[PDB]
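Encoded as structure tokens, the structure appears first; notes follow it.
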Amino acid sequence: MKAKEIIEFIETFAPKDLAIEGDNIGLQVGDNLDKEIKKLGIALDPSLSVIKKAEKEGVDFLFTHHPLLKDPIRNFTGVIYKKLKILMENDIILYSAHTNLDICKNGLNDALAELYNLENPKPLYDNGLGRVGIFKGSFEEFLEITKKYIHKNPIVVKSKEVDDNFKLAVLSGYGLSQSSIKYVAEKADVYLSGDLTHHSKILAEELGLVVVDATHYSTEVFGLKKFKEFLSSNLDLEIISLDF
Amino acid sequence: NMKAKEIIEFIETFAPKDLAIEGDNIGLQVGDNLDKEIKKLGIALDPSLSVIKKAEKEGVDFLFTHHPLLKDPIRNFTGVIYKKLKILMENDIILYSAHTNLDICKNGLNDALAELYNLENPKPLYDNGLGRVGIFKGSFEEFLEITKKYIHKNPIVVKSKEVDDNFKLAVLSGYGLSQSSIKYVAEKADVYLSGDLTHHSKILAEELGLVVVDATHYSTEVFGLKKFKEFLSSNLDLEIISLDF
Amino acid sequence: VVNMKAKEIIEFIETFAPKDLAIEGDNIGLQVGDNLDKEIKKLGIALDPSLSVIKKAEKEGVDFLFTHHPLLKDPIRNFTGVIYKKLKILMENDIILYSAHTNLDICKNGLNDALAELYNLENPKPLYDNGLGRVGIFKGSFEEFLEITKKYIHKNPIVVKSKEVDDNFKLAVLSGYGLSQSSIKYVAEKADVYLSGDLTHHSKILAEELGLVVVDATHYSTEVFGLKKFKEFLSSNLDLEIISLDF
Amino acid sequence: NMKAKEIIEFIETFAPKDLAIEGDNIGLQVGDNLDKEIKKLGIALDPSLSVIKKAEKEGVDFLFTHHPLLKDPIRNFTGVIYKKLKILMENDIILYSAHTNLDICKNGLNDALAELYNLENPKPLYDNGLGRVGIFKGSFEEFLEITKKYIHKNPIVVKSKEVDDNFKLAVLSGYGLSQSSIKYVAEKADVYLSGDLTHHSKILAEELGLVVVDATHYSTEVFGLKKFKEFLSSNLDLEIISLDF
Amino acid sequence: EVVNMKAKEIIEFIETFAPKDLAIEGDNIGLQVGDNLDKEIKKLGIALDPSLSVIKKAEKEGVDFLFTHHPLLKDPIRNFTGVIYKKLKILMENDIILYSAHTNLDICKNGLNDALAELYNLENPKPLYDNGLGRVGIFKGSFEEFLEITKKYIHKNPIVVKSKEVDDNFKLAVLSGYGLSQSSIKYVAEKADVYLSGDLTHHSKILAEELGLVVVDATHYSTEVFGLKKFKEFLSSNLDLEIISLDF
Amino acid sequence: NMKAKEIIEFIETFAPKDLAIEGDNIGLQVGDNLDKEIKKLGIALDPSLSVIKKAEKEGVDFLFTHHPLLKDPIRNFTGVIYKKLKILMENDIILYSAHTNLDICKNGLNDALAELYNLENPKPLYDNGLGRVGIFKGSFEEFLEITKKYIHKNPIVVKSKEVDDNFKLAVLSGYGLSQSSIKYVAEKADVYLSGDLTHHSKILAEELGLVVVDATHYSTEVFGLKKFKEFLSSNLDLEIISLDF
Ligand SMILES: [Fe+2]
Ligand SMILES: [Fe+2]
Ligand SMILES: [Fe+2]
Ligand SMILES: [Fe+2]
Ligand SMILES: [Fe+2]
Ligand SMILES: [Fe+2]
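Protein chains in written order, with the entry's author numbering: chain E, 6 to 249; chain C, 5 to 249; chain D, 3 to 249; chain B, 5 to 249; chain A, 2 to 249; chain F, 5 to 249.
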């Protein structure tokens with residue numbers, strides 16, 4: 006397969022126009038997209054160690070969920086220099102699907118909704134991010150699923166008691182901003198996401214929203230693993246994971 | 005028999021308001037007549053709803069907090085903010101905050117951390133005076149043991165590289181672990197002690213080789229806030245209690 | 003005469019003056035309040051949520067305070083001085099404060115319609131694109147228009163008589179503050195005479211240059227005319243004691 | 005006798021342009037050759053169309069106004085501004101303004117008001133130098149009588165509270181009655197004399213207990229402008245007339 | 002059979018050919034200087050620029066209505082001194098109307114860009130930019146023939162940035178006026194082999210060389226005046242009015 | 005045996021980075037390890053693709069340019085910038101720029117022009133230090149002949165007016181012929197020597213009566229850049245070649 010064909014397949018699953026405004030999705034680093042691809046690597050982050058591992062494992066198409074850069078730059082030194090040097094010197098293509106992969110059908114948020122078997126799931130935000138629906142079971146059962154499948158030691162902000170058959174909101178990645186807490190508190194009893202910080206914990210306690218931080222990494226890697234299986238099943242291509 | 009304005013004078017002598025960084029909402033949060041006599045002072049990290057309820061329950065007349073009531077301004081009064089204000093106003097509880105001016109001032113929250121680790125030749129970490137950095141005269145393991153004994157029993161350690169003895173330690177009380185902070189501090193220190201670590205910042209520290217120790221936002225401020233509470237208790241003839249620590 | 007829940011009063015008011023009619027950025031709706039199941043015995047109406055209005059509301063046992071102007075235009079993050087005094091009174095008495103501002107200016111039979119109907123404007127149209135103000139032909143003389151103004155709105159309006167006004171002229175009306183320099187420039191292309199409130203020096207000079215006759219019947223009176231109509235409307239439909247506080 | 009540039013130098017010695025507040029469009033409004041000989045100088049508050057027509061009718065060569073011709077810039081020349089510019093350009097009448105620099109300078113428009121009321125220990129009201137404030141050594145009624153005799157016969161008085169003798173009086177020539185000004189001045193004075201009162205500012209003054217006297221924008225400026233005109237007449241051998249006062 | 006027209010009739014005619022809503026966002030088109038548009042017009046003058054020398058020549062020649070492609074001012078002002086004072090004074094004391102059709106004249110059918118596309122007989126021309134500016138299509142011939150046309154009809158010594166060899170039947174982009182900004186070079190490199198426009202500067206030359214876009218600078222003036230002459234001929238054919246050109 | 009950081013130190017001593025105007029992207033463009041030993045330094049006006057290819061071909065390990073690689077920041081790497089970065093990174097070629105700091109410094113690109121024309125009592129043209137202006141002690145024709153001999157054989161001359169002997173000459177290396185520059189310099193000089201003339205600026209200069217001589221952006225910079233190259237060659241024991249001049 007050619008790089009552009011891999012990109013075509015991925016964009017059919019996760020169309021770029023589903024990405025939220027300003028999200029740096031698509032080609033991160035690359036020039037010739039007609040090149041035949043020897044090995045595909047999948048990672049959450051285009052980190053320096055991921056990129057070093059890509060070169061070591063002979064990966065020539067590196068797919069990541071997070072973009073290489075959010076903020077644009079005009080000097081190339083330090084860590085970004087080391088990263089670009091490896092990608093360019095080895096002609097490794099770097100391509101990202103970020104919020105388009107969060108939002109698309111069977112994408113990262115759908116993977117969470119399906120894991121918890123949410124009843125009548127809907128998008129949490131108007132832009133399509135996150136899912137919300139009824140968890141048909143006890144709070145304890147929800148926690149066991151979280152601990153078994155996502156993360157063993159989640160932070161639980163137990164802001165109030167949770168009855169059976171509650172509204173569960175899920176957001177893969179960083180969903181625990183203060184403004185998100187305020188928003189989700191109007192829509193759900195429990196909010197499962199990642200990257201909890203102090204001010205957001207206090208706000209959830211005030212609003213009575215139960216928050217479960219199963220970490221940014223794990224709430225995304227759960228769906229990313231499913232995405233990797235989908236690619237492996239459909240493409241005649243060697244595919245490896247680099248930071249999971 | 006102290007007046008609210010005299011408590012405010014005492015606090016602002018320790019932590020002058022002009023030390024606060026641009027835009028920080030410090031000073032009087034809620035209150036009108038500052039000639040009011042104050043019988044009981046409450047100290048808290050956060051002006052949360054539960055802290056404010058506890059203040060009312062305990063007969064607190066002056067509520068001092070590190071964090072301001074609001075960061076972003078509002079023009080409607082409903083829900084939680086309505087509930088908070090209602091309690092403060094019907095009890096005429098004054099709410100007053102010292103935030104980054106208390107981080108930055110001499111013997112404030114960052115100085116308290118610097119003194120705990122006995123930093124050699126300490127300097128402000130940032131140009132605006134936030135944080136401290138200097139040499140820790142000992143091993144990484146000794147630095148960790150101090151952290152576990154006095155700050156947080158189990159901090160997250162991002163061990164991005166090996167750390168030699170007599171290393172450069174930067175400390176910042178509260179939330180110091182933004183991505184831009186990681187990048188900045190990596191140029192100034194081997195080890196960075198602060199709070200509120202998140203994923204992108206963890207990855208960035210590993211790339212840069214900066215060892216990051218997250219002893220939490222709460223604990224890295226409450227360490228110094230307890231010192232500030234003792235300082236107030238020693239100098240003021242006033243009943244003083246802590247509400248969320 | 004019975005008691006209503008606050009949410010029922012709000013629902014009625016918003017059917018008359020829908021919130022989506024408000025112009026961009028206008029702070030309309032709930033100003034101060036939490037539980038809208040609160041039972042309401044006495045509804046108070048005011049132009050302004052002033053300190054004296056709020057004191058009178060407390061004094062008169064008002065449970066629901068409706069005002070045309072919002073409590074705050076610019077948001078705040080400290081609560082001291084006057085705003086402290088106002089909120090303390092409202093919160094201690096759990097008085098709900100609710101506002102309908104430009105949505106009440108713009109809606110059918112709202113404040114601007116009330117003026118257009120008073121002057122019996124022929125073929126009235128909205129004055130601005132956002133629906134604010136009204137303009138049409140006044141079927142009469144300038145003096146007849148002034149006497150109507152004097153009888154119903156304000157007895158001694160300031161008249162900037164920029165030119166002679168012939169019978170059957172184009173009259174623009176805007177309830178409240180409609181006399182900014184940019185408004186004078188805009189309305190000068192649309193009307194012979196502009197009736198509104200809050201005239202200041204640079205706007206007077208500008209009107210004289212443009213030949214636009216301006217009548218300042220005051221911000222207060224040009225809104226209160228329609229606010230009285232609104233109060234009568236509520237009194238006719240709601241079984242509630244309803245009082246006016248600053249008019 | 006005199007060239008325009010000499011008239012300008014004299015005015016700018018009295019009211020230096022660097023006194024004008026940021027963004028104020030002061031100085032040469034319309035003109036090219038400043039060596040032009042000037043026989044007749046006209047002074048006006050506003051560079052209005054009727055003032056400019058009168059300048060042309062009276063053979064004015066140099067038109068001085070307090071207010072600038074334009075606050076906001078334009079890139080098309082039609083309607084009233086076309087009419088104004090055509091009269092000035094076709095007659096090579098120079099139009100020059102001193103606006104807030106004339107408000108702020110020593111013996112300028114605000115100083116003229118301070119001196120009329122014989123304010124004790126006067127200070128600038130704002131940090132940028134606008135307005136004056138000091139003690140009025142007399143009763144409220146005496147202050148009002150001075151106001152009515154020398155400034156405007158029927159000022160609007162917002163009597164927000166009782167005013168005792170020897171009160172703090174703030175004065176600002178022109179438009180000083182914005183909401184943000186009311187809030188500011190309420191901290192500094194018992195009584196505020198200025199112009200261009202509107203509804204929201206009246207309500208706010210009542211809430212704050214600030215007594216406000218609107219003696220109008222026009223009259224509170226023209227008082228000092230008449231003084232300025234006499235000063236010019238005393239010092240320049242030039243025919244000098246006033247156009248809108 | 003030469004008569005006087007009212008200014009508003011001239012404006013109506015021009016705006017029928019080049020409607021104001023074709024002008025790009027922010028473009029200062031329409032009436033520049035003037036008040037009464039019932040003014041009777043005996044002599045219409047056409048110019049590229051409302052320069053001081055053009056306005057002086059207009060006054061000298063008794064022009065009553067001055068039409069220019071470029072607006073008098075792009076950026077607004079609030080003081081009237083120096084050159085703009087000199088210009089406005091001449092226009093106002095003589096009550097000469099100044100009116101401009103700028104990008105609406107660039108974009109309209111048979112406007113300045115179409116005139117270039119037609120001169121090069123572009124095959125299947127399309128607007129170069131989405132807002133309608135410029136034209137692009139196939140030049141059915143050799144690069145050398147394209148050059149000969151350029152030299153004969155537009156400008157005798159055009160600057161050629163020969164970034165690569167150009168084969169016959171290439172994609173030719175044209176933009177009348179200043180089309181050679183860096184952002185334009187980048188954009189057009191994706192759409193054409195050759196870019197004919199005006200006002201080349203150093204950074205743009207380097208960028209064109211990097212991208213392999215052949216750029217031909219036939220000057221800002223000449224790439225617009227070619228079409229402006231057509232426009233003047235069009236007016237002369239349709240209005241029974243004396244019409245002269247002032248800076249061409 | 006000299007290190008990249010030592011080359012950079014030498015250059016920044018001559019042209020300190022703090023002389024660069026606000027926002028100018030000067031300093032290290034591409035590079036990581038500045039302890040690297042440098043065997044061959046290349047000097048160029050532009051970090052163009054052809055310059056960078058030539059640098060690789062000639063074995064240049066330190067590439068110095070006047071113009072920065074990027075003015076506007078990017079967050080994707082494709083096309084031409086990909087090709088350029090790849091060549092630099094795969095060969096570990098350092099790219100370093102001194103832009104307006106080299107324009108402004110003593111004996112920098114603008115001083116070099118001022119010295120060529122032997123300007124009398126030269127001063128900076130702009131407040132930020134850009135450009136130079138002073139008296140040319142000779143005729144306009146003598147000035148043109150110097151230009152033709154040393155800078156550019158055939159400069160564009162916009163002869164807006166006649167020029168008397170001993171006129172005021174302003175020089176600015178590179179692109180100095182913006183419309184706002186034309187307006188500014190017309191107040192300070194009779195003749196303006198710079199580069200990159202476009203139509204609107206030509207018209208404006210004719211209106212103002214400012215004589216403009218466009219000796220091209222490239223040539224007015226390369227003149228001083230050659231001087232800078234000789235200065236480096238005279239002081240550093242290093243192979244130094246020029247790449248686009
Ligand atoms: Fe993420
Ligand atoms: Fe904090
Ligand atoms: Fe109003
Ligand atoms: Fe004024
Ligand atoms: Fe043009
Ligand atoms: Fe340059």
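Just so you know, even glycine gets a beta-carbon here, dropped at the ideal spot from N, CA and C.
Within chain B, the residues that D:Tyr121 reaches when beta carbons sit closer than 8 Å: Per Cβ cutoff of 8 Å: no residues; D:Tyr121 is ~22 Å from chain B at best.
By the three-class DSSP mapping on this structure, what secondary structure does A:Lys127 have? strand
So D:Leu106 contacts chain C; which residues on that side make the cut at Cβ distance below 8 Å? None at all; the shortest Cβ gap to chain C is about 18 Å.
For the beta strand (DSSP E) that contains D:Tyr86, what are its first and last residues? That residue, D:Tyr86, is in no beta strand (DSSP E); its alpha helix (DSSP H) goes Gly83 to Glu94.
Nearest to C:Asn122 by CA position, among C:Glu210, C:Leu173, C:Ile25 and C:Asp39, is which residue? C:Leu173
I'd like to confirm something about E:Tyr179: is its beta-carbon nearer than 7 Å to some heavy atom of ligand 1, or not? Yes.
Please determine whether the Cβ atom of C:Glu225 lies at a distance below 7 Å from any heavy atom of ligand 2. Relative to ligand 2, the nearest heavy atom lies less than 7 Å away from the CB of C:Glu225.
Excluding the 5 residues flanking D:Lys127 on each side, which residues of the same chain have their C-beta closer than 8 Å to its C-beta? When the five nearest sequence neighbours on each side are left out, the beta carbons in the same chain lying within less than 8 Å of the beta carbon of D:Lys127 are those of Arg136, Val137 and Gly138, in order along the chain.
Nearest chain A C-beta to residue 2 of chain F closer than 8 Å, yes or no? Chain F is shown only over 5 to 249; residue 2 of chain F falls outside these bounds and no answer can be derived.
Within 7 Å: the Cβ of F:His70 and any heavy atom of ligand 2? no
Cα-Cα separation between A:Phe235 and A:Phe249, rounded to whole angstroms: 16 Å
Is it the case that the Cβ atoms of F:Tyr196 and A:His203 are separated by a distance below 8 Å? no
Roughly how many whole angstroms lie between the Cα atoms of A:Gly27 and A:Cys109? 17 Å
Which bits of chain F does A:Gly135 rub up against, with CB to CB less than 9 Å? What A:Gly135 touches in chain F: nothing, since even the nearest Cβ is about 17 Å away.
With three or more beta-carbon pairs closer than 8 Å as the criterion, would you say the segment 22 to 40 of chain B touches the segment 205 to 222 of chain B? no
Between which two residues does the beta strand (DSSP E) containing F:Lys172 stretch? Per DSSP, F:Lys172 belongs to the beta strand (DSSP E) from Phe171 to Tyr179.
Do you know how far the Cα of C:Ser164 is from the Cα of C:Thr151? C:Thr151 and C:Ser164 have their C-alpha atoms some 18 Å from each other.
Nearest to D:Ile47 (by Cα), restricted to the options D:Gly63, D:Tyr154 and D:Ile160: D:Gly63
Within 8 Å (strictly less), CB to CB, does F:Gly46 reach chain A? no
N-terminal and C-terminal residue of the beta strand (DSSP E) that D:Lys44 is part of: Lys44 to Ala48
Can you confirm whether D:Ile30, when its beta carbon is compared against all beta carbons of chain C, has any partner nearer than 8 Å? no
Look up B:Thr69 in the DSSP assignment and say whether it is helix, strand or coil. strand
Short Cβ contact (8 Å threshold) for F:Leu201 with F:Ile155: no
Taking C-beta pairs closer than 9 Å, name the residues in chain C that D:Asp76 reaches, listed in chain order. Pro77 and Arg79
Taking 7 Å as the cut-off, does the CB of E:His221 come closer than this to any heavy atom belonging to ligand 1? yes
Quick one: using the 10 Å Cβ neighbour count with 16 as the cut-off for buried, is B:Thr17 buried or exposed? exposed
With a floor of 4 residues, list each alpha helix (DSSP H) that falls wholly inside the segment 130 to 168 of chain A, ordered by position along the chain. 144 to 154
So if DSSP puts C:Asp218 in a beta bridge, which residue, or which two residues, is it bridged to? C:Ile160 and C:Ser198
Would the segment 78 to 95 of chain C count as touching the segment 105 to 119 of chain C if we require 3 or more Cβ pairs under 8 Å? no
Can you give me the start and stop residues for the alpha helix (DSSP H) that A:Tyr100 sits inside? Unbroken run through A:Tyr100 is the beta strand (DSSP E), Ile98 to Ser101; no alpha helix (DSSP H).
Starting from E:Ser182, trace the beta strand (DSSP E) both ways and give me its first and last residue. The continuous stretches of beta strand (DSSP E) do not include E:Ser182, and DSSP gives it neither H nor E.
Taking its Cβ as the centre, do 16 or more other Cβ atoms sit within 10 Å of residue 256 of chain E, making it buried, or is it exposed? Only positions 6 to 249 of chain E appear in the structure, and residue 256 of chain E is not among them; the question remains open.
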